[PDB]
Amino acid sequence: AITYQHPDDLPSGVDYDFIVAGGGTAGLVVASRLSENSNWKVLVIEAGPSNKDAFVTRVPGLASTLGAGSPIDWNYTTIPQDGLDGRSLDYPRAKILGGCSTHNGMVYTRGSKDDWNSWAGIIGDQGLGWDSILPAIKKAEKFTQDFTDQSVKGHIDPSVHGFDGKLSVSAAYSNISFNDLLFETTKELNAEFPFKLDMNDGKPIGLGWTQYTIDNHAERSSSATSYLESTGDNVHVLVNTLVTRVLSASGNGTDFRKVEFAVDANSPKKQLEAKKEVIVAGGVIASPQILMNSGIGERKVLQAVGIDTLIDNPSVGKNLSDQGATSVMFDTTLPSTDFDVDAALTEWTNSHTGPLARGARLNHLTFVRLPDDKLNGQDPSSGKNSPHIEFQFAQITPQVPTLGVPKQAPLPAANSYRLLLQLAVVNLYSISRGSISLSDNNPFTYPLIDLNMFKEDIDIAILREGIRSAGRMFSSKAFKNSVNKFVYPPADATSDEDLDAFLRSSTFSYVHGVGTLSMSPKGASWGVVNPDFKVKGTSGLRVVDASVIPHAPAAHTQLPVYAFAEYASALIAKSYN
C-alpha cells in the first residue's frame, strides 16, 4: 500500500472501486483482501496516523501503556452509568492505522463453538457456524515460534492452528513459579479449573496458556502489519482524515457509494465516489456515528440534532454488547513481575528479548463455567461449552496499580499485603445492552456512549460469583501461604451486598464491544445489516467490523472481528466474480 498523510497528497484521476472508512482491525482485512484483485483500486480513510514509526505500538509489553489517556487513544468516555454509582467509564479505543489491533493486549481467543453457532443461528448463515468457520480461521492464522524459539509443547494444540496465514500468533512465556502453582491447582480443583491445552479448540473452559498476536520477531502483529504491509500499490491509505458521512451517489437515492471526509472541523469537506461500494469499518463506536450523521438511524434521535432521516432504522447504535470486568487483588508472597521498564525497553530494542517481548506479565487465562445454581437468572452464555467468567491474570507487584482500578475505587490497605496478585475477573456474557447516540450533528463531536452497566441483576451477580470463584482458585492447596487473602475487595467484604458495593466502584469496561449495527436476517424486524454485510435499505454500502457481530463472545474480540472481516471479504469479492 501507499500511505498519504493528507488528502491533497492523493493522486489525481484515480477512481476507487472500494472505499473503506476506518483503517482498523476489520478495515485493513477488507482493504487488503479486496486488493488481491490487481484490477481493483482501494482507498482506506483512517482518522489516526500511520502505525509506521508508532514505536511504542510495536513493543508487546508496552501495550498496557496505550489505553485511556494515551497519545493514540480516542479518549471516549461514557455517559454517567447509573448502575455504577453514576461513574463515567473510559472506553479506550485506538485512533491509528490498524485500530484496536495496534493498541490491544494481543490476546488471541476465538470464543467457544457455541458463540459461533449462536451467531450462525441468529444471522441464519451456517457459514459462520463453528464447523464452517474454523477452517477459515486456521487459514487466516500464522502460528509461529516466538523469537527465542521457546518450546510451546503442552501449551497449545498445533492441531487447531494454521501456520501459513496472515495474522501471527505466538505463545512466549516467562518461567515463574506461578505457572506451576496454577497447573497444580488444576489437579486439585479439576472440576472447576481443569487444565485446557488449547482454549482455541472451541471449548475454552479451564486454565490455558495465553496466545498472542505477536510475531516471530517479538513485535506486535496488527492488521496493519499482517494484512496491509504486503499489499501492492492498488491500496491507497489516507491517514489523519475523518470520514464524516456516507452520501447517496444519485442524490435522492439510498445508493451510499459516496464518502465525505475532512482533516478537522475547520477544514473543507471533500468527497469521493466508490465505483462499487463503501465499506464502513469504524468499529463499534464510530460506525453507528457515521451512519447516524449520514441520515441512517432512529428518526427522532436524528431529528432532535438537526439531521434529515434518509433511512429510519431504530436499531442503529443499539444493542451494544460488551463485558463488565473488575480487578481483584490478593496478598501474595510470590516474586513480583515488575522490572525496570526503561532497562527492559533497551533490552527489547537491543535484542528483542526480555519481558517486553511478551504479551503479558503473567502467562495464562482461566475460563470458568458457573453451575446453574450460581446463576441468578437465566443462563446468559451461548451454551454448555461456554464460560461465564474469565480470569486474566495481570501481574504481581508490591505497588498498588492504577491500571484496572477506577478513579475513586478504594485501595487495599498498605499493611494488608506484601505483594499484590492482580487479575481481572470478566463477566463475558453481560446481558445489559448499551447504545451509541449523538450529542449533535458534528462528526467531530464524540458520540454518547452508554454501556447500560448492571441494568440487569444477573450481570453484577455473575461478577460476584466470579470473584468467589477466584477465591476458590487461590485457596487451593498449591497456593497455600503463597497467595493469601483478598485485599481488593477487602477480605471482610463477603456478602452479596458488600461485593455489590465494591463492584459498583470497581467495575470497568473490557472494551470488547460488538452489536451496534447488528447483523440480522434479511426481513428481520430489527438490526442494521443483512448477512451479506449490506446496510438494510441501501445499495453500495456495507459495514464490516465489530458493530455487526450480534453479541459479545466468551472471548476477547479481535479474532472474531478478523474472522468476520475475512468472511465479508470473501463474499464481497465473490459478488463481483
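Start at 1 with the first residue shown and count on from there.
Comparing 303 to 311 with 85 to 93, the higher mean C-alpha B-factor in the PDB entry belongs to 303 to 311. On average the C-alpha atoms of 227 to 235 have higher B-factors than those of the other stretch, with 95 to 103 and 227 to 235 being the two compared.
Reading the B-factor column for the CA atoms of 146, 390, 497, 141 in the entry, the top value corresponds to 497. Across 506, 118, 174, 441, the greatest Cα temperature factor reported in the deposited entry is at 441. Annotation for residue 562: CA B-factor lies in the lowest third of the chain's modelled residues. Annotation for residue 337: C-alpha temperature factor in the middle third relative to the rest of the modelled chain, per the entry. Looking at the C-alpha B-factors along this chain, the one for residue 510 belongs to the lowest third. The deposited CA B-factor of residue 184 belongs to the middle third of values across its chain. For residue 25, the recorded CA temperature factor ranks within the lowest third of the chain's modelled residues.
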